[PDB]
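A short worksheet on the structure shown next.
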Amino acid sequence: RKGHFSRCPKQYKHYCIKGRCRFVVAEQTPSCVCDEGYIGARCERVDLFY
């Protein structure tokens, strides 16, 4: 319909520091989306101060 999946909790977000992730249980699809204004491979740096 719109987005009925499982949101990744901060406790399990070790693959992304400043990035969220949507894990689909019914259809096994683990996808991590980092902040658009972020920088670094592990989402450590950022491109937005104010």
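The numbers used for chain A are those of Swiss-Prot, and the residues that appear cover 62-111, in sequence.
Cβ atoms are placed via backbone N, Cα and C, with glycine included.
Copied from Swiss-Prot, the annotated features are:
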- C69-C82: disulfide bond (DISULFID)
- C77-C93: disulfide bond (DISULFID)
- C95-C104: disulfide bond (DISULFID)
- 65-105: domain 'EGF-like' (DOMAIN)
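A map of Swiss-Prot features onto the structure.
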{"residue": "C69", "record": "disulfide bond", "DSSP (3 states)": "coil"}
{"residue": "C77", "record": "disulfide bond", "DSSP (3 states)": "coil"}
{"residue": "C82", "record": "disulfide bond", "DSSP (3 states)": "strand"}
{"residue": "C93", "record": "disulfide bond", "DSSP (3 states)": "strand"}
{"residue": "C104", "record": "disulfide bond", "DSSP (3 states)": "coil"}
Outside the domain 'EGF-like' (65-105), at least 6 residues beyond either end, the same-chain residues with a Cβ under 8 Å of its Cβ set are none
Per the 10 Å Cα distance test against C104 (disulfide bond), the disulfide-bonded residues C69, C77, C82, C93 reduce to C77
Most isolated by CB count within 10 A, of the disulfide-bonded residues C69, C77, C82, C93, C104, is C93
So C95 (disulfide bond), by the Cβ count within 10 Å over all chains shown, scores 18
For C82 (disulfide bond) and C93 (disulfide bond), the CA-to-CA distance in whole Å is 4
